[PDB]
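J.: Experimental coordinates follow, after the sequence.
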Amino acid sequence: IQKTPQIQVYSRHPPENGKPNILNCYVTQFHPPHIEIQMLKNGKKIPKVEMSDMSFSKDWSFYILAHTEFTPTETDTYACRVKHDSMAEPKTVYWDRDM
Amino acid sequence: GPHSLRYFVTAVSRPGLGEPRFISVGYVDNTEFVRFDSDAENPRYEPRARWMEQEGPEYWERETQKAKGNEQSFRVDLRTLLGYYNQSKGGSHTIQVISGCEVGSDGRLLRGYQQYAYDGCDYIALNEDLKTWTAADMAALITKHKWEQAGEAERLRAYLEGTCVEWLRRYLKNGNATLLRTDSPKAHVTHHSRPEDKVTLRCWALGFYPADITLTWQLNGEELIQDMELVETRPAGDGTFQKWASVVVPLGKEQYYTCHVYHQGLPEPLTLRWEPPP
Amino acid sequence: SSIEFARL
């Protein structure tokens, strides 16, 4: 019985073009624990992506937080791509500055 | 109020890739304070909260030895379960345990925990009476019978009512000043719209702690719950949390809606509305 | 302080 990861992509602080910030990719409710997370900028993989240690909640599902430093601009696109056994293919979630 | 000390433990087999990955995380009042991860040359329990640095070398040595003991015990359990379920030796499987005590203000045990899961599903758990077990399937009935004969429930009860409660008091003394940390949410409303006659008002709650919080939208009277979009509370990554609730409303009627933020750290619930900048 | 677990 596998559980499909839930994903949220968002900045640590309200986004302001030109100001250093932190982009988070919060992944929860998945099982098994093995998971592959990448953060992408304009379609290209971001090299420096930090990963928090993994933890699990009362319902046994695991969660983890990926994050990277970034300076948002009006036109740069960011996304988080997650590969997990529960999904036939990798799920890509785009950053929406308003969420 | 109530307090708790629980350990969340995981063992994941990795056939053909090495020894099982074993991780043990300790929590006080739902805050990580110690962690053991087998993924190292010389694995050891480590402080995850500054206030734990107070514990001396004998404490760390003892806990580390106990973790390595449990690690090897889970290694054996993984093999045992392959037999119980008649599964191949080539697949990866997971065993998880939540063990600990929740104590009330009077210092008495409110609830003891000792529950197991195999591959993300309940396996066996110690009942509230701390005397009997609940097996989730046929494989767990084997463990149940085994533990009933061994008086395992009595051993756990002694730990849960004694050691666990005692150490919890000790940890609370050292970290109380930190654990009581409270950051009230700072809120604001954003306005979003696409060329249409409707608009989205989004109520944001930021920099708060603990994570428990409630956001609601009101139209003059009554609470809008049937058509309010809400995201799961999420970590900002700096120790505080974030959350937002949004509603779609008629263009021009933004001033008829109010957002309310309920947090344990708020002397009084926050009330706010869309405020178009000057 | 964690407890020493029994075998399944």
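T.: Thanks, I have the structure now. Numbering: from 1, shown residues only, chains lettered A, B, ... in the order given.
J.: I'd like to know the beta-bridge partner residues of residue B:35.
T.: Note on residue B:35: beta-bridge partners residue B:25, residue B:46, judged by DSSP bridges.
J.: I figured it hits residue B:44, correct?
T.: No. Using CB atoms under 8 Å, residue B:35 is not in contact with residue B:44; the gap is 9.9 Å. All C-beta atoms are positioned from the backbone trio N, CA, C, and that covers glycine.
J.: More neighbours: the two, which one.
T.: Per other CB atoms under 10 Å in any protein chain shown, whichever of residue B:35 and residue B:44 has more neighbours is residue B:35, with 18 against 15.
J.: how much space between the more buried one and residue B:259?
T.: As judged by CB to CB, to the nearest Å, residue B:35 and residue B:259 stand 38 Å apart.
J.: Please give me every residue in contact with the closest residue in space to residue B:120 that isn't next to it in sequence.
T.: Of all residues not flanking residue B:120 in the chain, residue A:31 sits nearest, at 3.9 Å (CB to CB, 6 or more residues apart in numbering or on different chains). With contact taken as CB atoms under 8 Å, 6 or more residues apart in numbering or on different chains, residue A:31 is in contact with A:1, A:2, A:3, A:60, A:61, A:62, A:86, B:94, B:119, B:120.
J.: Columns neighbour count and secondary structure on top of those, output as JSON lines?
T.: Converted to JSON lines, these look like this (neighbours: other CB atoms under 10 Å in any protein chain shown; DSSP: H, G, I helix; E, B strand; the rest coil):
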{"residue": "A:1", "neighbour count": "9", "secondary structure": "coil"}
{"residue": "A:2", "neighbour count": "13", "secondary structure": "coil"}
{"residue": "A:3", "neighbour count": "18", "secondary structure": "strand"}
{"residue": "A:60", "neighbour count": "23", "secondary structure": "coil"}
{"residue": "A:61", "neighbour count": "17", "secondary structure": "coil"}
{"residue": "A:62", "neighbour count": "23", "secondary structure": "strand"}
{"residue": "A:86", "neighbour count": "16", "secondary structure": "coil"}
{"residue": "B:94", "neighbour count": "23", "secondary structure": "strand"}
{"residue": "B:119", "neighbour count": "19", "secondary structure": "coil"}
{"residue": "B:120", "neighbour count": "20", "secondary structure": "coil"}
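J.: where exactly do the strands run in chain A?
T.: Using DSSP state E, the strands of chain A run over residues A:6-11, A:21-30, A:36-41, A:44-45, A:50-51, A:55-56, A:62-70, A:78-83, A:91-94.
J.: Would you mind listing what in the stretch 101-250 of chain B touches chain A?
T.: Neighbours of chain A within the stretch 101-250 of chain B, by CB under 8 Å from any CB of the partner chain: B:117, B:119-122, B:190, B:192, B:202, B:206, B:231-232, B:234-238, B:242, B:244.
J.: Tell me which residue is most central in the chain.
T.: With no chain named, the answer covers chain A. A centroid search over chain A (CA atoms, centre = their mean) returns residue A:25, at 2.2 Å, as the residue closest to the centre.
J.: Sorry, I should have been clearer: chain B.
T.: Short answer for chain B (CA atoms, centre = their mean): residue B:30, at 5.9 Å.
J.: what's the spacing between that residue and residue A:62?
T.: According to CB to CB, residue B:30 and residue A:62 sit 17 Å apart.
J.: same check, this time on residue B:17
T.: Counting by CB to CB, the gap from residue B:17 to residue A:62 is 19 Å.
J.: just residue A:70 next, same as before
T.: Applying CB to CB to residue A:70 and residue A:62 gives a distance of 25 Å.
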